[PDB]
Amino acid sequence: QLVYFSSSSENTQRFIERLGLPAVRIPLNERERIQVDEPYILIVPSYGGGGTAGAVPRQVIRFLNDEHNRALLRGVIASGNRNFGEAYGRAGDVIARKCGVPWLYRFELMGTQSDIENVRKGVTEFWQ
């Protein structure tokens, strides 16, 4: 299973529609909180800009500070843009360093055809 967040720009959203795999979306509305009952890989876009810790979106932090969802986290994939230098996919290693889970993949915006390809093959071989 895959859990993801996407803003009103919906870049990561369109990545998962083109991916094909069944996934659950972390609500854009901050009041509504969603709960997961099975082990998952988290796909999160970066919004740091620099190094002021705010790379991970607020809706994800609220999702992950919940002990139920956090314990079921198995891996993380980060999206973003290479044009942000060292901060490209910053949300990835921040979640990976804090939770202890490994940082799996790294891609840009909606993902290229090579990206979807590598995430499809990557996820299945991860579970095995």
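Numbers for residues come from their place in the sequence shown, where the first is 1.
Higher mean CA B-factor, judged across 68-76 and 84-92 from the recorded values: 68-76. If you average the C-alpha B-factors over 99-107 and over 59-67, the higher value belongs to 59-67. Among the modelled residues of the chain, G48 sits in the middle third by CA temperature factor in this PDB entry. The entry lists a Cα temperature factor for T124 that places it in the highest third of the chain's modelled residues.
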